[PDB]
Amino acid sequence: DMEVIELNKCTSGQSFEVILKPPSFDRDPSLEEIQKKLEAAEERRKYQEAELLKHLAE
Amino acid sequence: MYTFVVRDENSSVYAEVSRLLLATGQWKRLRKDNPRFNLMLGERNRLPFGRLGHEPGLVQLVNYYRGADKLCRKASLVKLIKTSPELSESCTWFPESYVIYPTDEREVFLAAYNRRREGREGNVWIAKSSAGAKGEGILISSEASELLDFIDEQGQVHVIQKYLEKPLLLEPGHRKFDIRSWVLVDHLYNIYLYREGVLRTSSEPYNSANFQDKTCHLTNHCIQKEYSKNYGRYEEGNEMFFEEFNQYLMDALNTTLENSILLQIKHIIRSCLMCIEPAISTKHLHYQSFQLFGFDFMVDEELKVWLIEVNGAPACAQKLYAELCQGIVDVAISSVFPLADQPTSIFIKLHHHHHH
Amino acid sequence: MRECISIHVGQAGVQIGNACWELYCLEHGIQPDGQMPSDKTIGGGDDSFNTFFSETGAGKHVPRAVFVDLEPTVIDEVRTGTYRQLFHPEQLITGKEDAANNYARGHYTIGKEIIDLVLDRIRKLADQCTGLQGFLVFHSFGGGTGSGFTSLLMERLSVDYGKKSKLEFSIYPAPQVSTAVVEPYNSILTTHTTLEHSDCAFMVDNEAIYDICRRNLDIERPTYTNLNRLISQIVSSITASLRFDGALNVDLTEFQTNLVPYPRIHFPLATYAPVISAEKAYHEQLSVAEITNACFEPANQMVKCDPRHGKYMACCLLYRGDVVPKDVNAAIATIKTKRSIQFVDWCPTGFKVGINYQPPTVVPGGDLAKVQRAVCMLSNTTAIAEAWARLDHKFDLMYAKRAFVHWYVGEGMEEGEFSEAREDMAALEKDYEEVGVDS
Amino acid sequence: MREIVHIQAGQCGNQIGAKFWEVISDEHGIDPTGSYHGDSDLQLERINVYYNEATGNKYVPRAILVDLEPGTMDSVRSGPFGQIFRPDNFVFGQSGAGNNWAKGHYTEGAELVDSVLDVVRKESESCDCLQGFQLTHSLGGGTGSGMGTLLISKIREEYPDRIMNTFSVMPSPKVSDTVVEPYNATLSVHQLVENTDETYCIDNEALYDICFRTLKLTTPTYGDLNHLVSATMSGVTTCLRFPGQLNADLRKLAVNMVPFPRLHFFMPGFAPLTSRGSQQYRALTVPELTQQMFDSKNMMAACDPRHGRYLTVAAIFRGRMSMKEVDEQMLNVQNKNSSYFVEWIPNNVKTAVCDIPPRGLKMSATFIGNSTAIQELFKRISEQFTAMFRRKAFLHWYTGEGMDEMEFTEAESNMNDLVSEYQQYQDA
Ligand SMILES: Nc1nc2c(ncn2[C@@H]2O[C@H](COP(=O)(O)OP(=O)(O)OP(=O)(O)O)[C@@H](O)[C@H]2O)c(=O)[nH]1
Ligand SMILES: Nc1ncnc2c1ncn2[C@@H]1O[C@H](COP(=O)(O)OP(=O)(O)CP(=O)(O)O)[C@@H](O)[C@H]1O
Ligand SMILES: Nc1nc2c(ncn2[C@@H]2O[C@H](COP(=O)(O)OP(=O)(O)O)[C@@H](O)[C@H]2O)c(=O)[nH]1
Ligand SMILES: COc1ccc2c(c1)NC(=O)CN2c1nc(Cl)nc2ncccc12
Ligand SMILES: [Ca+2]
Ligand SMILES: [Ca+2]
Ligand SMILES: [Ca+2]
Ligand SMILES: [Cl-]
Ligand SMILES: [Mg+2]
Ligand SMILES: [Mg+2]
Ligand SMILES: [Mg+2]
Ligand SMILES: [Mg+2]
């Protein structure tokens with residue numbers, strides 16, 4: 001039992017669907033939120049770098 | 001040096017395989033979670049089959065067949081037998097069974113039960129969960145009104161199955177038994193039946209009507225040692241081995257074990273494992289599986305064998321550990337990982353190729 | 001006709017892109033200079049191949065392609081190689097120092113300084129499109145650029161082109177050819193951050209391709225050239241429907257419709273057959289039945305996993321060469337009796353089939369023999385979650401000791417992102433468990 | 001990421017540094033006048049990593065030669081490849097440092113350090129993309145130890161986002177100039193733990209033991225020791241210098257080798273072990289290379305790797321050989337000795353191959369291990385230190401230059417913390 005469905009042909013090929021059984025039963029963040037995350041990370045870098053340069057000054 | 005890891009501390013069989021492997025001096029045990037093993041002797045639950053066979057430079061082998069639980073849970077065993085054309089609804093060696101929940105078969109179970117209500121001939125069944133196995137959660141009853149209420153009084157899924165009203169009874173005793181056969185399936189899907197089986201004997205005479213004598217009706221080892229006053233009378237540990245059971249069959253019934261029982265057992269084993277081979281085989285796979293099974297059989301008055309259960313993680317009987325575990329190493333482990341440098345095999349190979 | 005822009009990020013993405021465009025050119029009869037004699041509409045057109053190639057007044061056929069790497073050496077080989085003329089310099093974008101195998105360095109540190117340039121070069125190609133349909137993004141999971149920059153790029157593409165479809169070709173890390181120990185970290189970080197931005201993603205495990213190249217091409221030690229030519233054959237199979245006439249998978253939206261009913265579960269398994277060595281003197285050509293049956297062997301999959309122990313949500317068969325429906329249906333019937341093909345209960349058990357009569361083109365002098373018929377199966381099976389379980393377990397091992405974590409924190413990333421990313425993967429593994437398994 | 005700026009400081013620093021430039025100049029086809037007379041194009045594809053290109057297509061080492069005494073640097077000018085170096089990069093005082101860390105770091109060295117930094121800046125400004133720095137020095141003297149670590153501190157201040165790499169020669173009573181070496185070493189180790197990304201621990205104890213026990217040299221000279229150093233240095237910089245499937249740089253090396261920032265001290269190894277003017281007629285097989293390179297007898301740090309666990313490993317095979325056979329052998333080592341590789345860093349051994357072998361060998365292997373057994377090196381120095389420090393012996397040489405006992409106590413403590421830290425990951 002194999003029903004052949006929506007057969008489409010053309011010069012370069014053909015396509016179709018074969019069914020063996022039917023179905024057995026029945027936030028993307030803004031430009032601003034991205035900038036306020038890259039910038040936040042850059043601040044954490046600058047902080048870490050300033051702390052190093054404070055230590056080297058001592 | 002080959003390497004292995006041990007992830008089931010409670011396995012008596014693989015405890016002994018571990019010892020035997022170390023004692024060769026060509027197998028080192030690694031820590032549980034070191035991924036650089038040749039052999040995994042694995043946990044019973046959530047064995048991480050998806051992590052096997054992705055370590056370059058290591059052939060990896062495991063002592064379980066992924067998907068073998070379709071055979072080894074009672075509910076799924078019944079689904080497998082009913083729906084597979086290799087083992088039809090008319091399959092002659094499995095007791096008539098129905099799966100039942102607190103998908104479901106209650107109304108098809110009653111439809112065959114009403115053939116027996118219009119029947120003068122036998123309505124005793126049994127009800128069981130796939131793993132409530134402490135000796136408990138087993139009801140025998142002449143009618144469904146006690147069963148279906150009992151199944152809902154316990155939490156999990158259950159199977160209702162025909163009770164073999166007329167079993168074969170060993171004399172002296174007028175008593176019940178089941179047969180345990182140990183089957184090793186290797187990485188090439190060779191089916192190896194161990195030559196020694198064992199009868200788990202009841203030690204109490206059989207039957208009343210008020211069944212409740214989990215001792216004469218249920219032949220589990222734990223149930224005999226606790227509830228049976230006659231534990232150890234006729235054979236020690238309530239365990240009759242094949243030399244004695246053969247001899248009894250020759251003396252009492254004029255047949256052999258081979259002819260009367262083992263042909264049917266070999267047939268059943270082979271039919272079960274060849275059914276599931278395409279779903280579990282590791283023939284062209286990136287890791288390899290072997291597994292030891294315990295098939296449990298009943299014999300009736302007619303010397304007809306019936307399959308009760310398949311155990312995916314069996315224990316051995318105490319006398320036989322040495323021999324079986326050495327055979328697992330030779331056939332299942334050293335076949336893949338050969339050691340350096342008159343044999344008669346302890347297994348019988350199940351193959352049979354009839355033309356039609 | 002609706003155009004598709006290809007984006008190649010990092011070493012893996014760029015080298016696989018090279019392989020694909022080399023192949024595409026050979027398939028469409030486009031020479032290295034960009035001339036296509038068989039194209040008789042000089043200076044433009046809306047043919048199916050114009051999905052992937054724009055045209056110039058002088059008859060040059062130019063890929064709708066952007067190459068992005070944070071160091072110049074790999075894209076410099078494109079700038080100086082056999083297909084140097086093919087691409088416009090503005091398509092080939094390079095930085096000076098790479099991400100050092102560090103996701104955080106590719107995403108936050110070095111990513112921030114080049115992201116606005118890349119989007120501007122992407123916008124230049126989008127302005128030449130009458131009906132931009134979306135993007136094909138090629139990258140590694142394991143590289144710092146492949147992982148870090150890609151996830152940033154994908155976030156922005158959703159902002160600037162919210163109605164367009166985005167497909168990935170993603171190389172999943174394999175220790176046998178990887179140069180980095182932190183690839184599990186990188187892989188999970190980029191999967192977490194990319195997951196909502198990708199409509200459909202084809203994972204290729206370098207382990208699978210490496211071993212296919214070993215067993216079937218008789219190559220002792222496969223190079224990236226070997227791996228990439230095989231991958232491009234597969235990528236070409238998947239994209240054929242967009243660059244050729246037909247009625248199956250004609251548009252990026254259809255990949256999602258046909259392969260992805262549950263949006264987060266958007267990782268179809270590719271399986272491809274036959275792979276046959278060009279040095280093999282006597283080859284018995286394989287039939288429709290034999291190659292279709294080959295689509296159900298794990299040894300031919302792009303990820304080693306076991307489809308018998310999961311469930312299918314969709315299956316597409318893409319044939320190239322001498323194939324007619326009758327043979328396919330007879331093959332499928334035979335295959336369903338012998339094999340364990342369990343679908344989920346809420347989908348039809350069935351196959352969408354696409355046939356293109358041109359047999360696969362092989363690169364002259366390559367490792368793959370010509371064959372009269374080949375097939376690529378795309379099946380969305382829960383068995384691909386095995387790869388996630390392998391990757392997550394490796395991540396758990398390292399992250400439990402915080403090993404290498406300081407390298408990421410030091411680029412401005414916070415430790416919580418590890419556990420947040422790992423939690424999403426625990427949810428992903430559970431989604432696959434729900435769909436694919438019973439009690 | 002292409003240019004590396006090399007610095008060599010003190011007697012030991014400049015003797016091994018000179019030998020390094022000799023050896024890689026010959027490997028890259030470059031002669032004592034700086035003219036390329038080689039045959040392979042691989043010898044120049046990444047020549048810019050170590051060399052500047054000048055007029056007439058001369059190649060000039062990106063190398064700064066530093067000392068507080070002129071002696072050893074005048075010996076470098078006189079030496080075979082002495083004319084290759086840029087004359088403006090010789091930066092030297094007159095006083096010397098008297099094997100005194102305090103003089104190198106606080107008094108004599110401060111006076112000279114700014115002029116060294118001018119030359120560093122001059123070299124850094126010319127760099128299209130500076131990877132960072134490599135320093136050769138001993139930790140047991142005064143200049144390489146004291147001034148070399150002062151320099152490292154200053155360079156980090158001015159180039160905080162560049163990689164700092166050292167080849168640091170550790171003192172040993174078997175090859176000992178003075179009794180204060182454990183003081184100079186302990187003071188230097190503190191510095192290296194804070195201010196380097198990766199340090200090659202080259203242990204004079206190990207180099208001696210190799211010369212005595214293995215190479216059969218009854219009386220090892222500094223030249224015999226430095227033959228082992230120069231071979232190891234060539235080896236470990238292979239993937240920085242030569243094109244292959246792994247085009248490495250100092251950051252990628254750091255990211256992949258260092259799981260915790262303080263544990264960045266590597267144990268180098270080399271195979272086959274040769275003495276100068278060798279009779280290497282038998283080329284090693286890939287199994288032999290692999291077995292030897294992991295052997296403790298081939299380690300340049302006097303530690304038993306079986307007393308710890310490998311966090312990470314890098315391996316460089318050189319010569320024409322089977323990459324399949326290399327992969328197999330490398331996999332065999334890990335699978336056969338798996339307890340010694342921490343399970344919590346999966347796939348922690350990575351391997352590269354380069355077709356060009358070093359001079360005098362058909363095949364060689366170089367080992368770079370980050371093992372927890374390196375704590376043995378640090379315990380040894382710490383025990384030597386404490387034996388003197390508990391009686392404040394020889395401290396007046398340091399208090400005379402303005403140092404306080406407290407600074408010694410802190411250095412002892414930090415080095416013992418380092419040891420405890422290695423021990424923490426040996427048990428886990
Ligand atoms: N199949 C294939 N995999 C590759 C190729 N190049 C790299 N890889 C894999 O990609 C991973 C490393 O990431 P790359 O893409 O090289 O890194 P990148 O994106 O350039 O990032 P950085 O160099 O870290 O800035 C490893 O698992 C490699 O095996 C390739 O050409 N083909
Ligand atoms: N259909 C049936 N008819 C008659 N007796 C039966 C029966 N099924 C089981 N029994 C009896 O019950 C016992 C087995 O019960 P069950 O199959 O639940 O085993 P179990 O899971 O409790 C322990 P094991 O897994 O080691 O066998 C047998 O010993 C047999 O005597
Ligand atoms: N391996 C090696 N060690 C050396 C060499 N020269 C000196 N040493 C060691 O370096 C330490 C003395 O430091 P040195 O470099 O002479 O002092 P500096 O000139 O003040 O830096 C001692 O531990 C010596 O054993 C050398 O050429 N090779
Ligand atoms: C996990 O272990 C490593 C160890 C080392 C590295 C890497 C992973 N991955 C790299 O890009 C840089 N790198 C290497 N870097 C250099 Cl400079 N030499 C090497 N030699 C031989 C081998 C790896 C080498
Ligand atoms: Ca046209
Ligand atoms: Ca979207
Ligand atoms: Ca002065
Ligand atoms: Cl849009
Ligand atoms: Mg049971
Ligand atoms: Mg039983
Ligand atoms: Mg890169
Ligand atoms: Mg000296």
# chains A, B, ... in the order shown; residues from 1 in each chain; ligands from 1
>>> residues_around(residues="residue B:164", least_positions_apart="2", cutoff="12 Å", atoms="only C-alpha atoms", output="number ranges by chain")
B: 93-97, 122-126, 140, 161-162, 166-168, 176-178, 207, 217-218, 297-302, 304-308
>>> residues_around(residues="residue D:23", least_positions_apart="3", cutoff="9 Å", atoms="only C-alpha atoms", output="list in words")
residues 18, 19, 20, 26, 27, 28, 230, 231, 234, 358 and 359 of chain D
>>> write_last_selection(atoms="C-alpha atoms", output="mmCIF file, in the first residue's frame")
data_model
loop_
_atom_site.group_PDB
_atom_site.id
_atom_site.type_symbol
_atom_site.label_atom_id
_atom_site.label_comp_id
_atom_site.auth_asym_id
_atom_site.auth_seq_id
_atom_site.Cartn_x
_atom_site.Cartn_y
_atom_site.Cartn_z
ATOM 1 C CA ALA D 18 72.981 32.584 20.455
ATOM 2 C CA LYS D 19 72.845 28.818 19.956
ATOM 3 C CA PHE D 20 69.102 29.065 19.145
ATOM 4 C CA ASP D 26 70.800 26.953 9.501
ATOM 5 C CA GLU D 27 67.329 25.303 9.394
ATOM 6 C CA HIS D 28 65.958 28.330 7.455
ATOM 7 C CA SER D 230 69.212 24.323 21.329
ATOM 8 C CA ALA D 231 67.727 21.046 19.999
ATOM 9 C CA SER D 234 64.323 24.271 17.654
ATOM 10 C CA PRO D 358 66.799 19.230 12.252
ATOM 11 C CA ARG D 359 70.467 19.179 11.218
#
>>> select_by_dssp(residues="stretch 12-150 of chain B", states="strand (DSSP E or B)", output="JSON, numbers by chain")
{"B": [27, 28, 29, 39, 40, 41, 61, 62, 97, 98, 99, 100, 125, 126, 127, 128, 139, 140, 141]}
>>> residues_around(residues="stretch 32-47 of chain A", least_positions_apart="3", cutoff="6 Å", atoms="only C-alpha atoms", output="MDAnalysis selection string")
(chainID A and resid 50) or (chainID C and resid 108 412:413)
>>> interface_residues(of="chain B", to="chain C", cutoff="10 Å", atoms="only C-alpha atoms", output="mmCIF file with N, CA, C and O atoms, in the first residue's frame")
data_model
loop_
_atom_site.group_PDB
_atom_site.id
_atom_site.type_symbol
_atom_site.label_atom_id
_atom_site.label_comp_id
_atom_site.auth_asym_id
_atom_site.auth_seq_id
_atom_site.Cartn_x
_atom_site.Cartn_y
_atom_site.Cartn_z
ATOM 1 N N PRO B 48 25.004 4.506 28.182
ATOM 2 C CA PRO B 48 25.117 5.572 27.197
ATOM 3 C C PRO B 48 25.679 5.012 25.884
ATOM 4 O O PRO B 48 26.842 5.242 25.540
ATOM 5 N N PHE B 49 24.836 4.263 25.168
ATOM 6 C CA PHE B 49 25.218 3.614 23.920
ATOM 7 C C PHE B 49 25.713 4.646 22.888
ATOM 8 O O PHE B 49 26.584 4.337 22.071
ATOM 9 N N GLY B 50 25.166 5.861 22.929
ATOM 10 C CA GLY B 50 25.572 6.938 22.027
ATOM 11 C C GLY B 50 26.991 7.492 22.175
ATOM 12 O O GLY B 50 27.463 8.244 21.297
ATOM 13 N N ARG B 51 27.674 7.142 23.267
ATOM 14 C CA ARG B 51 29.086 7.503 23.438
ATOM 15 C C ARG B 51 30.034 6.405 22.995
ATOM 16 O O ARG B 51 31.246 6.617 23.009
ATOM 17 N N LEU B 52 29.523 5.239 22.606
ATOM 18 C CA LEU B 52 30.410 4.126 22.239
ATOM 19 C C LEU B 52 30.829 4.259 20.797
ATOM 20 O O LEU B 52 30.087 4.786 20.003
ATOM 21 N N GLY B 53 32.023 3.794 20.467
ATOM 22 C CA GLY B 53 32.514 3.762 19.085
ATOM 23 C C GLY B 53 32.927 5.070 18.429
ATOM 24 O O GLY B 53 32.911 5.164 17.199
ATOM 25 N N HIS B 54 33.288 6.068 19.238
ATOM 26 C CA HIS B 54 33.851 7.359 18.764
ATOM 27 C C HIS B 54 35.221 7.671 19.396
ATOM 28 O O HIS B 54 35.582 8.844 19.562
ATOM 29 N N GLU B 55 35.971 6.632 19.758
ATOM 30 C CA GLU B 55 37.331 6.794 20.244
ATOM 31 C C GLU B 55 38.260 6.248 19.200
ATOM 32 O O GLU B 55 38.357 5.023 19.079
ATOM 33 N N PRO B 56 38.953 7.137 18.448
ATOM 34 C CA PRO B 56 39.881 6.643 17.426
ATOM 35 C C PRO B 56 40.989 5.755 18.014
ATOM 36 O O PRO B 56 41.427 5.978 19.144
ATOM 37 N N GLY B 57 41.388 4.733 17.261
ATOM 38 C CA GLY B 57 42.405 3.795 17.695
ATOM 39 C C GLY B 57 41.957 2.747 18.703
ATOM 40 O O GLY B 57 42.813 2.057 19.278
ATOM 41 N N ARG B 66 21.799 -2.748 22.537
ATOM 42 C CA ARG B 66 20.809 -1.674 22.515
ATOM 43 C C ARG B 66 19.568 -2.155 21.762
ATOM 44 O O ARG B 66 19.675 -2.718 20.667
ATOM 45 N N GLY B 67 18.408 -1.932 22.372
ATOM 46 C CA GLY B 67 17.123 -2.401 21.865
ATOM 47 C C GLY B 67 16.686 -3.788 22.341
ATOM 48 O O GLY B 67 15.575 -4.218 22.024
ATOM 49 N N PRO B 278 17.209 -7.554 13.113
ATOM 50 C CA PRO B 278 17.402 -6.311 12.327
ATOM 51 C C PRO B 278 17.372 -5.019 13.162
ATOM 52 O O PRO B 278 18.060 -4.047 12.800
ATOM 53 N N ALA B 279 16.625 -5.026 14.273
ATOM 54 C CA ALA B 279 16.541 -3.854 15.166
ATOM 55 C C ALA B 279 17.767 -3.659 16.074
ATOM 56 O O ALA B 279 18.070 -2.525 16.437
ATOM 57 N N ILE B 280 18.464 -4.735 16.436
ATOM 58 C CA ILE B 280 19.565 -4.640 17.398
ATOM 59 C C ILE B 280 20.948 -4.987 16.884
ATOM 60 O O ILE B 280 21.928 -4.587 17.512
ATOM 61 N N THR B 282 24.635 -5.307 15.511
ATOM 62 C CA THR B 282 25.738 -4.336 15.409
ATOM 63 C C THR B 282 26.709 -4.680 14.264
ATOM 64 O O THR B 282 27.799 -4.151 14.207
ATOM 65 N N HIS B 284 27.163 -3.782 11.017
ATOM 66 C CA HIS B 284 27.899 -2.715 10.309
ATOM 67 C C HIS B 284 28.032 -1.419 11.118
ATOM 68 O O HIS B 284 28.211 -0.347 10.554
ATOM 69 N N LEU B 285 27.998 -1.538 12.443
ATOM 70 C CA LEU B 285 27.916 -0.390 13.331
ATOM 71 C C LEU B 285 29.311 -0.056 13.858
ATOM 72 O O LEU B 285 30.208 -0.869 13.803
ATOM 73 N N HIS B 286 29.469 1.158 14.357
ATOM 74 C CA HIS B 286 30.768 1.713 14.828
ATOM 75 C C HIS B 286 31.250 1.195 16.209
ATOM 76 O O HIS B 286 32.430 1.316 16.520
#
>>> atom_distance(atom1="atom CA of residue D:59", atom2="atom CA of residue D:149")
28.8 Å
>>> select_by_dssp(residues="chain A", states="alpha helix (DSSP H)", output="VMD selection string")
chain A and resid 31 to 57
>>> residues_near_ligand(ligand="ligand 8", cutoff="8 Å", atoms="only C-alpha atoms and all ligand atoms", output="list in words")
residues 158, 160, 161, 162, 163 and 164 of chain C
>>> write_last_selection(atoms="N, CA and C atoms", output="mmCIF file, in the first residue's frame")
data_model
loop_
_atom_site.group_PDB
_atom_site.id
_atom_site.type_symbol
_atom_site.label_atom_id
_atom_site.label_comp_id
_atom_site.auth_asym_id
_atom_site.auth_seq_id
_atom_site.Cartn_x
_atom_site.Cartn_y
_atom_site.Cartn_z
ATOM 1 N N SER C 158 19.122 38.281 11.731
ATOM 2 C CA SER C 158 17.728 38.305 12.211
ATOM 3 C C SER C 158 17.177 39.729 12.443
ATOM 4 N N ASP C 160 18.462 42.674 10.917
ATOM 5 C CA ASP C 160 18.430 43.357 9.615
ATOM 6 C C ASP C 160 17.598 42.687 8.511
ATOM 7 N N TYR C 161 17.304 41.391 8.638
ATOM 8 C CA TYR C 161 16.514 40.651 7.635
ATOM 9 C C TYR C 161 15.545 39.667 8.295
ATOM 10 N N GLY C 162 14.719 40.145 9.214
ATOM 11 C CA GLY C 162 13.853 39.275 10.030
ATOM 12 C C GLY C 162 12.914 38.289 9.343
ATOM 13 N N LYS C 163 12.521 38.578 8.101
ATOM 14 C CA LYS C 163 11.615 37.703 7.326
ATOM 15 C C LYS C 163 12.333 36.684 6.409
ATOM 16 N N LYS C 164 13.667 36.672 6.434
ATOM 17 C CA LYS C 164 14.439 35.808 5.551
ATOM 18 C C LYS C 164 14.804 34.523 6.274
#
>>> interface_residues(of="chain C", to="chain D", cutoff="7 Å", atoms="only C-alpha atoms", output="PyMOL selection string")
chain C and resi 97+100-101+175+179-181+220-221+394+397-398+403-404+407
>>> write_last_selection(atoms="C-alpha atoms", output="short mmCIF file (atom, residue, chain, number, x, y, z; two decimals), in the first residue's frame")
data_model
loop_
_atom_site.label_atom_id
_atom_site.label_comp_id
_atom_site.auth_asym_id
_atom_site.auth_seq_id
_atom_site.Cartn_x
_atom_site.Cartn_y
_atom_site.Cartn_z
CA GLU C 97 44.47 38.29 14.06
CA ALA C 100 42.70 31.78 18.91
CA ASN C 101 40.13 28.93 19.17
CA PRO C 175 39.44 15.01 17.73
CA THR C 179 43.71 21.30 16.52
CA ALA C 180 41.91 22.51 19.67
CA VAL C 181 40.88 21.08 23.07
CA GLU C 220 45.09 6.32 4.66
CA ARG C 221 45.22 9.81 6.15
CA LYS C 394 32.77 16.35 26.97
CA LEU C 397 33.92 16.97 31.98
CA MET C 398 35.95 20.17 31.35
CA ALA C 403 39.33 24.18 32.83
CA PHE C 404 40.12 26.86 30.22
CA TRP C 407 40.37 32.38 28.62
#
>>> interface_residues(of="chain B", to="chain D", cutoff="10 Å", atoms="only C-alpha atoms", output="JSON, numbers by chain")
{"B": [1, 2, 3, 28, 30, 31, 33, 34, 35, 36, 37, 38, 55, 56, 57, 58]}
>>> write_last_selection(atoms="N, CA and C atoms", output="tab-separated table (two decimals), in the first residue's frame")
chain	number	residue	atom	x	y	z
B	1	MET	N	48.06	-5.07	25.57
B	1	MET	CA	47.12	-4.96	26.73
B	1	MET	C	45.77	-4.37	26.27
B	2	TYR	N	44.71	-5.14	26.46
B	2	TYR	CA	43.35	-4.66	26.25
B	2	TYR	C	42.86	-4.03	27.53
B	3	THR	N	41.85	-3.17	27.41
B	3	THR	CA	41.33	-2.41	28.54
B	3	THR	C	39.82	-2.58	28.69
B	28	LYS	N	43.72	-4.86	31.51
B	28	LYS	CA	43.78	-3.93	32.64
B	28	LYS	C	42.41	-3.29	32.82
B	30	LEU	N	40.28	-0.08	33.96
B	30	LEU	CA	40.39	1.38	34.10
B	30	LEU	C	39.29	1.87	35.03
B	31	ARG	N	39.30	3.16	35.36
B	31	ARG	CA	38.24	3.78	36.18
B	31	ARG	C	36.91	3.79	35.43
B	33	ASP	N	34.80	5.95	34.45
B	33	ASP	CA	34.52	7.06	33.52
B	33	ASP	C	35.71	7.43	32.60
B	34	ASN	N	36.66	6.51	32.46
B	34	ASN	CA	37.75	6.66	31.50
B	34	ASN	C	37.22	6.17	30.15
B	35	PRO	N	37.19	7.04	29.12
B	35	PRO	CA	36.57	6.65	27.85
B	35	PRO	C	37.43	5.73	26.96
B	36	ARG	N	38.71	5.55	27.31
B	36	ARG	CA	39.66	4.85	26.47
B	36	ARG	C	39.70	3.35	26.79
B	37	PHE	N	38.53	2.71	26.70
B	37	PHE	CA	38.36	1.28	26.98
B	37	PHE	C	38.16	0.53	25.66
B	38	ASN	N	38.55	-0.75	25.63
B	38	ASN	CA	38.13	-1.70	24.60
B	38	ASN	C	36.74	-2.29	24.93
B	55	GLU	N	35.97	6.63	19.76
B	55	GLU	CA	37.33	6.79	20.24
B	55	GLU	C	38.26	6.25	19.20
B	56	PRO	N	38.95	7.14	18.45
B	56	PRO	CA	39.88	6.64	17.43
B	56	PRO	C	40.99	5.75	18.01
B	57	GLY	N	41.39	4.73	17.26
B	57	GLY	CA	42.41	3.80	17.70
B	57	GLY	C	41.96	2.75	18.70
B	58	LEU	N	40.64	2.61	18.92
B	58	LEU	CA	40.07	1.60	19.83
B	58	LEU	C	38.84	0.93	19.22
>>> atom_distance(atom1="atom CA of residue D:150", atom2="atom CA of residue D:109")
7.9 Å
>>> residues_near_ligand(ligand="ligand 5", cutoff="8 Å", atoms="only C-alpha atoms and all ligand atoms", output="short mmCIF file (atom, residue, chain, number, x, y, z; two decimals) with N, CA, C and O atoms, in the first residue's frame")
data_model
loop_
_atom_site.label_atom_id
_atom_site.label_comp_id
_atom_site.auth_asym_id
_atom_site.auth_seq_id
_atom_site.Cartn_x
_atom_site.Cartn_y
_atom_site.Cartn_z
N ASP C 39 24.69 30.14 -21.18
CA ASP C 39 23.78 31.25 -20.85
C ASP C 39 23.67 32.21 -22.04
O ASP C 39 24.63 32.91 -22.38
N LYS C 40 22.48 32.23 -22.65
CA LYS C 40 22.24 33.05 -23.84
C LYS C 40 21.60 34.40 -23.53
O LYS C 40 21.67 35.29 -24.37
N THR C 41 21.02 34.56 -22.34
CA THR C 41 20.65 35.90 -21.86
C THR C 41 21.88 36.56 -21.22
O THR C 41 22.12 36.43 -20.01
N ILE C 42 22.66 37.26 -22.05
CA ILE C 42 23.86 37.99 -21.61
C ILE C 42 23.44 39.18 -20.75
O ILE C 42 22.49 39.89 -21.07
N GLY C 43 24.14 39.38 -19.63
CA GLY C 43 23.91 40.53 -18.75
C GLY C 43 22.81 40.44 -17.71
O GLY C 43 22.60 41.39 -16.95
N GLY C 44 22.10 39.30 -17.64
CA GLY C 44 21.04 39.11 -16.63
C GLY C 44 20.19 37.87 -16.86
O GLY C 44 20.57 36.98 -17.62
N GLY C 45 19.05 37.81 -16.19
CA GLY C 45 18.11 36.70 -16.34
C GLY C 45 17.49 36.30 -15.01
O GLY C 45 17.95 36.73 -13.95
N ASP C 46 16.44 35.48 -15.08
CA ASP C 46 15.84 34.88 -13.88
C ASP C 46 15.73 33.34 -13.97
O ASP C 46 14.73 32.74 -13.54
N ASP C 47 16.80 32.72 -14.50
CA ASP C 47 16.95 31.26 -14.48
C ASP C 47 17.19 30.75 -13.06
O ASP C 47 17.44 31.53 -12.13
N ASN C 50 20.61 31.52 -11.42
CA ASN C 50 20.74 32.92 -10.95
C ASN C 50 20.34 33.14 -9.49
O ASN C 50 20.47 34.24 -8.97
N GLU C 55 24.99 38.34 -12.52
CA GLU C 55 25.59 38.50 -13.85
C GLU C 55 26.03 39.95 -14.08
O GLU C 55 25.39 40.89 -13.60
#
